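Encoded as structure tokens, the structure appears first; notes follow it.
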Amino acid sequence: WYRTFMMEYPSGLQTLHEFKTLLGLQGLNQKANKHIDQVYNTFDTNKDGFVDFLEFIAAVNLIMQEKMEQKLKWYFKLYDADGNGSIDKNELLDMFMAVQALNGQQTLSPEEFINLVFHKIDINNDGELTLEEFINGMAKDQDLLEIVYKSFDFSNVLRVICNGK
Ligand SMILES: [Ca+2]
Ligand SMILES: [Ca+2]
Ligand SMILES: [Ca+2]
């Protein structure tokens with residue numbers, strides 16, 4: 001019964017702070033942190049600052065996802081900062097930054113990364129990965145996919161929920 005949520009959060013609400021703690025994401029630097037906060041936000045849908053059971057379930061549904069399609073749409077909306085339906089070179093840049101902000105990321109330096117990533121994934125070379133390009137791109141190119149994953153360790157998350165559960 002997913003009211004093992006109530007076990008951890010007797011008040012009925014989980015807060016951004018507990019979130020970080022629960023996920024070890026406590027103590028990050030300015031960027032690595034600010035980012036974790038961006039993540040937490042996408043889950044607290046009713047933007048009230050807490051993650052209540054309803055937002056909570058929506059999150060675990062997405063986490064336990066067996067299929068990666070959903071998780072990718074998630075990373076996509078998450079990086080498509082200006083939500084213009086597209087991910088430009090900047091948004092992806094930051095995306096890389098944050099990954100490199102909570103990881104001393106191995107040689108890939110934005111300059112390098114952003115291009116390799118764009119060459120491969122930017123199918124119609126418009127300079128923007130569409131949802132189609134991004135999902136499909138990241139999918140059939142499991143190399144840069146680990147860079148994405150690094151942004152938000154799903155599974156690490158799945159491990160922790162489906163453990164002390
Ligand atoms: Ca909320
Ligand atoms: Ca955009
Ligand atoms: Ca394109």
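Chain identifiers are assigned as A, B, and so on, following the order in which chains appear in the structure tokens; residues are numbered from 1 within each chain, and ligands are numbered from 1 in order of appearance.
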Exercise answer, 8 Å around ligand 3 with only C-alpha atoms and all ligand atoms, as a JSON list (two decimals) with C-alpha atoms, in the first residue's frame:
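And here is the file that came out, result-v8.json:
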[["chain", "number", "residue", "atom", "x", "y", "z"],
["A", 121, "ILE", "CA", 20.60, 13.94, -32.18],
["A", 122, "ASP", "CA", 19.69, 17.03, -34.21],
["A", 123, "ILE", "CA", 18.16, 15.03, -37.06],
["A", 124, "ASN", "CA", 17.01, 17.97, -39.21],
["A", 125, "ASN", "CA", 19.95, 20.16, -38.15],
["A", 126, "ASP", "CA", 17.84, 23.15, -37.07],
["A", 127, "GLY", "CA", 20.01, 23.59, -34.00],
["A", 128, "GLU", "CA", 17.26, 22.41, -31.67],
["A", 129, "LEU", "CA", 16.43, 18.93, -30.47],
["A", 130, "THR", "CA", 12.68, 18.48, -30.75],
["A", 133, "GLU", "CA", 14.94, 14.16, -31.76]]
- Message: Please find the residues contacting ligand 2 at a distance of at most 12 Å between atoms, with only C-alpha atoms and all ligand atoms counted, and report them as a ChimeraX atom specification.
- Response: /A:76-95,127-131
Go ahead and write the residues just picked, N, CA and C atoms, as a compact mmCIF listing (two decimals), in the first residue's frame.
# COMPACT_ATOMS: atom_id res chain seq x y z
N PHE A 76 13.20 15.80 -20.85
CA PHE A 76 13.02 16.79 -21.88
C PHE A 76 12.35 18.06 -21.38
N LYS A 77 11.17 17.93 -20.76
CA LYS A 77 10.45 19.10 -20.27
C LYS A 77 11.34 19.81 -19.27
N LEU A 78 12.06 19.02 -18.49
CA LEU A 78 12.96 19.52 -17.48
C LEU A 78 14.05 20.39 -18.06
N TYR A 79 14.56 20.03 -19.24
CA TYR A 79 15.63 20.80 -19.87
C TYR A 79 15.10 21.88 -20.80
N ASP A 80 13.91 21.65 -21.35
CA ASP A 80 13.27 22.62 -22.23
C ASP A 80 12.79 23.72 -21.31
N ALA A 81 13.75 24.36 -20.64
CA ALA A 81 13.49 25.44 -19.70
C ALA A 81 12.45 26.45 -20.20
N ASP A 82 12.70 27.07 -21.34
CA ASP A 82 11.73 28.04 -21.83
C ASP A 82 10.50 27.36 -22.46
N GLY A 83 10.28 26.10 -22.09
CA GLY A 83 9.14 25.33 -22.59
C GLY A 83 8.59 25.67 -23.97
N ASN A 84 9.47 26.01 -24.91
CA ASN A 84 9.05 26.34 -26.26
C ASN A 84 8.94 25.08 -27.12
N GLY A 85 8.85 23.93 -26.46
CA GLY A 85 8.74 22.66 -27.15
C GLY A 85 10.07 22.16 -27.70
N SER A 86 11.07 23.02 -27.68
CA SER A 86 12.38 22.66 -28.19
C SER A 86 13.50 22.86 -27.17
N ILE A 87 14.59 22.12 -27.35
CA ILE A 87 15.75 22.26 -26.50
C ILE A 87 16.81 22.89 -27.40
N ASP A 88 17.19 24.13 -27.11
CA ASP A 88 18.21 24.83 -27.89
C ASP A 88 19.58 24.47 -27.31
N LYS A 89 20.65 25.01 -27.89
CA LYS A 89 22.00 24.70 -27.43
C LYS A 89 22.27 25.17 -26.01
N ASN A 90 21.63 26.26 -25.61
CA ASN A 90 21.80 26.80 -24.26
C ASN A 90 21.22 25.87 -23.20
N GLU A 91 19.93 25.58 -23.34
CA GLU A 91 19.24 24.71 -22.41
C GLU A 91 20.02 23.43 -22.22
N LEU A 92 20.51 22.87 -23.31
CA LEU A 92 21.28 21.63 -23.27
C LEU A 92 22.59 21.92 -22.58
N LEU A 93 23.12 23.11 -22.82
CA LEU A 93 24.37 23.49 -22.21
C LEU A 93 24.22 23.36 -20.70
N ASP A 94 23.26 24.09 -20.14
CA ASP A 94 22.99 24.04 -18.71
C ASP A 94 22.82 22.61 -18.28
N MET A 95 21.97 21.90 -19.01
CA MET A 95 21.72 20.50 -18.72
C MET A 95 23.05 19.82 -18.45
N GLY A 127 19.33 23.07 -35.17
CA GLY A 127 20.01 23.59 -34.00
C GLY A 127 19.21 23.42 -32.72
N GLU A 128 18.13 22.65 -32.81
CA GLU A 128 17.26 22.41 -31.67
C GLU A 128 16.79 20.97 -31.67
N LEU A 129 16.91 20.30 -30.54
CA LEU A 129 16.43 18.93 -30.47
C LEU A 129 14.94 19.05 -30.17
N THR A 130 14.11 18.43 -31.00
CA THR A 130 12.68 18.48 -30.75
C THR A 130 12.43 17.35 -29.77
N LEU A 131 11.18 17.14 -29.40
CA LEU A 131 10.91 16.06 -28.48
C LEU A 131 11.34 14.79 -29.18
- A straight line from atom CA of residue A:113 to atom CA of residue A:96 spans 7.8 Å
Just want the 12 Å neighbourhood of residue A:155, counted on only C-alpha atoms, with same-chain residues fewer than 2 positions away dropped. Output as a short mmCIF file (atom, residue, chain, number, x, y, z; two decimals) with N, CA, C and O atoms, in the first residue's frame.
data_model
loop_
_atom_site.label_atom_id
_atom_site.label_comp_id
_atom_site.auth_asym_id
_atom_site.auth_seq_id
_atom_site.Cartn_x
_atom_site.Cartn_y
_atom_site.Cartn_z
N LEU A 23 17.31 11.62 -0.76
CA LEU A 23 18.06 11.22 -1.92
C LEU A 23 19.54 11.56 -1.82
O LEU A 23 20.20 11.72 -2.83
N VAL A 60 6.27 8.34 -8.21
CA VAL A 60 6.69 6.95 -8.18
C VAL A 60 6.21 6.20 -9.41
O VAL A 60 6.82 5.22 -9.80
N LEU A 62 6.16 7.37 -12.37
CA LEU A 62 7.18 7.74 -13.34
C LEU A 62 8.50 7.07 -13.02
O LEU A 62 9.21 6.62 -13.91
N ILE A 63 8.83 6.99 -11.74
CA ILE A 63 10.08 6.36 -11.36
C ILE A 63 10.06 4.88 -11.71
O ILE A 63 10.87 4.44 -12.50
N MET A 64 9.13 4.13 -11.14
CA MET A 64 8.99 2.69 -11.40
C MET A 64 8.77 2.36 -12.87
O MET A 64 8.74 1.19 -13.26
N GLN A 65 8.60 3.39 -13.68
CA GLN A 65 8.39 3.20 -15.11
C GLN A 65 9.38 2.16 -15.59
O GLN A 65 10.57 2.22 -15.26
N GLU A 66 8.89 1.19 -16.35
CA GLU A 66 9.76 0.16 -16.88
C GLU A 66 10.28 0.73 -18.18
O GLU A 66 11.44 0.59 -18.52
N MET A 68 11.42 3.65 -20.81
CA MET A 68 12.17 4.89 -20.66
C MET A 68 11.52 6.07 -21.34
O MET A 68 11.85 7.21 -21.05
N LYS A 71 10.26 8.65 -18.82
CA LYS A 71 11.34 9.33 -18.14
C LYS A 71 12.04 10.33 -19.07
O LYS A 71 12.47 11.40 -18.64
N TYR A 149 21.03 10.73 -17.76
CA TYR A 149 20.80 10.03 -16.50
C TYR A 149 21.52 10.64 -15.33
O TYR A 149 20.98 10.69 -14.23
N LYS A 150 22.74 11.10 -15.55
CA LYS A 150 23.49 11.70 -14.47
C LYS A 150 22.72 12.91 -13.94
O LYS A 150 22.76 13.19 -12.75
N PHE A 152 19.61 13.31 -13.41
CA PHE A 152 18.77 12.81 -12.34
C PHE A 152 18.75 11.31 -12.33
O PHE A 152 18.14 10.65 -13.17
N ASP A 153 19.45 10.80 -11.34
CA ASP A 153 19.62 9.40 -11.10
C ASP A 153 18.31 8.62 -10.87
O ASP A 153 18.02 8.20 -9.74
N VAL A 157 16.98 6.46 -7.42
CA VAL A 157 15.74 6.84 -6.78
C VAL A 157 14.86 5.62 -6.62
O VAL A 157 14.29 5.37 -5.57
N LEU A 158 14.75 4.85 -7.70
CA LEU A 158 13.95 3.65 -7.67
C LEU A 158 14.48 2.75 -6.58
O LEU A 158 13.71 2.16 -5.83
N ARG A 159 15.81 2.66 -6.47
CA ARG A 159 16.45 1.82 -5.46
C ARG A 159 16.01 2.24 -4.06
O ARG A 159 15.58 1.41 -3.26
N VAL A 160 16.08 3.53 -3.77
CA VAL A 160 15.71 4.05 -2.46
C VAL A 160 14.23 3.98 -2.10
O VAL A 160 13.89 3.74 -0.94
N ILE A 161 13.33 4.18 -3.06
CA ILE A 161 11.92 4.07 -2.73
C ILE A 161 11.60 2.59 -2.54
O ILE A 161 11.00 2.19 -1.54
N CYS A 162 12.01 1.78 -3.51
CA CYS A 162 11.79 0.34 -3.48
C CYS A 162 12.86 -0.36 -2.63
O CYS A 162 13.46 -1.34 -3.07
N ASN A 163 13.09 0.15 -1.43
CA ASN A 163 14.06 -0.45 -0.52
C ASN A 163 13.52 -0.28 0.90
O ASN A 163 13.10 -1.25 1.54
#
- ligand 1 neighbours within 12 Å using only C-alpha atoms and all ligand atoms, as a PyMOL selection string: chain A and resi 12-16+40-59
- For residue A:26: contacts at 12 Å, only C-alpha atoms, fewer than 6 positions along chain excluded, given as a list in words: residues 16, 17, 18, 19, 20, 32, 33, 34, 36, 37 and 102 of chain A
- Message: What's the separation between atom CA of residue A:146 and atom CA of residue A:165, in Å to one decimal place?
- Response: 26.5 Å
- Task: In Å, rounded to a single decimal, give me how far atom CA of residue A:140 is from atom CA of residue A:72.
- Result: 12.4 Å
- Query: Can you list, as a PyMOL selection string, every residue of chain A that DSSP puts in helix (DSSP H, G or I)?
  - Reply: chain A and resi 5-8+16-22+30-43+53-63+68-79+89-101+110-121+131-139+145-151+156-161
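If you measure from each of A:31, A:2, A:9, A:141 to residue A:98 using only C-alpha atoms, the closest one turns out to be A:31.
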